[PDB]
Amino acid sequence: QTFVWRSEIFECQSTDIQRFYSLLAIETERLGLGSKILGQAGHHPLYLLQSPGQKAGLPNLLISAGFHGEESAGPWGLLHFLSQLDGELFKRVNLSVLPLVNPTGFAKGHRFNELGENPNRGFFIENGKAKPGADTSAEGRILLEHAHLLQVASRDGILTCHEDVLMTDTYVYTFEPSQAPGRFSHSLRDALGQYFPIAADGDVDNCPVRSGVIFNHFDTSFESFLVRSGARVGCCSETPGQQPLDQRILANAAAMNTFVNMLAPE
């Protein structure tokens, strides 16, 4: 249940949520990002950070992390990604970020929130209308209440940064409007592949992984919801939890760089 690692990049425990929000505030402030508290989970804010001066003709990319509290390299990786950003990047992309969706899970190093709910499932779209259902977590309900904002924010792409806690090898879930995976899928999986071995062909969580990619597999996940809502492409990256935290942190940041690089090129 509880998973905790030490980060040397951040000189703290992976569950150090006070340190997390402190460093996230520093980056928000450095880059001039707008901060919007979508809601609170266990008196911890669920933020939507948006780059400044978002223009009509630039792609709208959304990056999300921390749906599952044990998959801590997502949020820390996002923090690492931001820390390397220049600000010039925002001249070519309207970047939005959900840095931590499950703070109560994150703070304790466990998958579910304090209520035992899975925040990554129960996102529905019924005859064009976004809505929660019987299995939506409190956080999921908070995000669904700002469905329009998040759909606009991810119009040109969604990247959610997960970890498969008991895996040693890496893989990606991708969504593209084609019969087979393309450059988009391959570049993101290659980015993770620079850090870890790619998962061999077979069933990972009852899904077929072919050449490091599970392609167009829809369920009630946040990324499935945003792709069905109109996001051009999608990715749910899966860094392996049995690897060292800092390597997973770097791999996550690397995938975010590749994601933004492809969809909003220099």
Side-chain angles (χ1 to χ4, degrees), residues 1-5 7 10 12-29 33-35 37-50 62-82 96-125 130-154 158-163 165 219-226 229 236-237 241 249 252:
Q1 183 205 222
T2 280
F3 297 87
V4 189
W5 304 265
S7 172
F10 297 105
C12 67
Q13 299 297 98
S14 58
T15 57
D16 198 345
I17 199 174
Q18 281 199 352
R19 176 62 66 77
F20 181 74
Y21 286 129
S22 290
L23 301 173
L24 183 63
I26 290 164
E27 295 310 324
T28 299
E29 188 177 318
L33 309 176
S35 191
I37 300 174
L38 303 183
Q40 300 280 323
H43 308 286
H44 295 290
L46 280 68
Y47 290 115
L48 179 69
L49 300 187
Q50 295 191 295
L62 179 59
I63 304 183
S64 55
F67 280 87
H68 303 133
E70 88 288 24
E71 305 177 4
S72 50
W76 290 108
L78 190 116
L79 205 183
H80 181 74
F81 164 76
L82 292 178
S96 300
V97 170
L98 285 166
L100 180 48
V101 173
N102 182 11
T104 65
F106 185 86
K108 300 296 174 60
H110 60 63
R111 172 166 274 202
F112 303 135
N113 65 14
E114 66 189 12
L115 301 165
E117 301 284 330
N118 177 5
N120 190 41
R121 285 203 69 195
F123 294 94
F124 307 90
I125 190 157
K131 54 218 304 183
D135 66 336
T136 311
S137 74
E139 300 82 12
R141 292 176 182 270
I142 284 169
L143 270 38
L144 268 335
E145 287 165 358
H146 307 81
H148 182 251
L149 182 67
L150 300 166
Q151 292 168 334
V152 173
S154 63
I158 174 59
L159 168 65
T160 314
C161 295
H162 280 60
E163 308 213 84
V165 79
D219 56 10
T220 69
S221 67
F222 180 69
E223 64 281 7
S224 287
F225 164 77
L226 290 180
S229 301
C236 176
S237 50
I249 289 171
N252 276 279

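Both backbone and side-chain heavy atoms feed into the values below; hydrogens, waters and symmetry mates do not. One-based numbering along the sequence shown.
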**OP:** State, to 0.1 Å, how close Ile249 and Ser7 come at their nearest heavy-atom pair, and which atoms those are.
**Re:** CD1-OG, 3.8 Å
**OP:** Indicate the atoms forming the closest heavy-atom contact of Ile142 with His146, along with that distance.
**Re:** O-ND1, 2.9 Å
Subject >> Pairwise distance OH(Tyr47) to OG1(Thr28) - rounded to 0.5 angstrom >> reply: 7.5 Å
Subject >> Nearest atoms (heavy-atom pairs only) where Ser229 meets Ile125 >> reply: OG-CD1, 3.3 Å
**OP:** For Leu49 and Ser35, work out which heavy atoms get closest and say how close.
**Re:** CD2-OG, 3.6 Å
Original post:
How many angstroms lie between OG in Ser237 and NE2 in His162, if you round to the nearest 0.5 Å?
Top reply: 8.5 Å
Subject >> Pairwise side-chain contact, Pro103 with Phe20, heavy-atom cut-off 4.5 Å (strictly under) >> reply: no
**OP:** Find out whether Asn252 and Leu78 are in side-chain contact, i.e. whether some heavy atom of one side chain is under 4.5 Å from a heavy atom of the other.
**Re:** no
Subject >> Interatomic spacing from CZ in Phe225 to CD1 in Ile158 - rounded to 0.5 Å >> reply: 11.0 Å
**OP:** Please list, chain by chain and in numerical order, all residues satisfying salt bridge (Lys or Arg N to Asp or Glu O under 4.0 Å) with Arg111, sequence neighbours excluded.
**Re:** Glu70, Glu71
Original post:
Can you find a pair of side-chain heavy atoms, one from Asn118 and one from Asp135, that are under 4.5 Å apart?
Top reply: no
Original post:
Can you tell me how far the CG atom of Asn113 sits from the NE2 atom of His68, to the nearest 0.5 Å?
Top reply: 10.0 Å
Original post:
Just by distance, do the side chain of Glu139 and the backbone of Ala41 share a donor-acceptor pair under 3.5 Å?
Top reply: no
Original post:
Got a sec, which residues hit side-chain contact (heavy atoms from CB on, under 4.5 Å) with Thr136, two or more places apart in sequence or on another chain?
Top reply: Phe124, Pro132, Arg141, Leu144
**OP:** Would you please classify the geometry between the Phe10 ring and the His80 ring as parallel, tilted or perpendicular, with 30° and 60° separating the classes?
**Re:** perpendicular
Subject >> Listed partners of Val4 passing side-chain contact (heavy atoms from CB on, under 4.5 Å), at least two apart >> reply: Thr2, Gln13, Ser14, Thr15
**OP:** In sequence, state the C-alpha distance, the side-chain angles, and the governing distance for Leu143 and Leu46, and then conclude on side chain to side chain contact (heavy atoms under 4.5 Å, CB included).
**Re:** CA-CA 9 Å; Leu143 270 38; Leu46 280 68; 4.0 Å; yes
**OP:** Heavy atoms only: give me the nearest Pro75-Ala65 pair and the separation to one decimal.
**Re:** N-CB, 3.6 Å
Subject >> Those residues that, when tested against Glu223, pass salt bridge (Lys or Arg N to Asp or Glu O under 4.0 Å) (two or more places apart) >> reply: none
Subject >> side-chain contact (heavy atoms from CB on, under 4.5 Å) partners of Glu145, counting only residues at least two apart >> reply: none
Original post:
Does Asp219 offer a backbone N or O that forms a donor-acceptor pair with the side chain of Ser224 under 3.5 Å?
Top reply: yes
Original post:
Between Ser72 and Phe106, is a side chain to side chain contact (heavy atoms under 4.5 Å, CB included) present by the stated rule, with each step listed?
Top reply: CA-CA 7 Å; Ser72 50; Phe106 185 86; 4.0 Å; yes
Original post:
What's the spacing between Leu98 CG and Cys161 SG if we round to 0.5 Å?
Top reply: 11.0 Å
Subject >> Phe222 and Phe67 aromatic ring geometry - parallel, tilted or perpendicular at 30°/60° bounds >> reply: tilted
**OP:** Before giving the answer on side chain to side chain contact (heavy atoms under 4.5 Å, CB included), spell out for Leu115 and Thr104 the whole-Å C-alpha distance, their side-chain angles and the decisive distance to 0.1 Å.
**Re:** CA-CA 9 Å; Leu115 301 165; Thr104 65; over 6 Å; no
Original post:
Sequence neighbours excluded, which residues qualify as salt bridge (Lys or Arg N to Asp or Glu O under 4.0 Å) partners of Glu114?
Top reply: none
Subject >> Nearest heavy-atom neighbours spanning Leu100 and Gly66 >> reply: CD1-O, 3.8 Å
**OP:** I would like to know whether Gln50 and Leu33 meet side chain to side chain contact (heavy atoms under 4.5 Å, CB included); could you show each step before the answer?
**Re:** CA-CA 5 Å; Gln50 295 191 295; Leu33 309 176; over 6 Å; no
**OP:** Determine whether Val101 and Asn120 make a side-chain contact, defined as any pair of heavy atoms from C-beta on separated by less than 4.5 Å.
**Re:** no
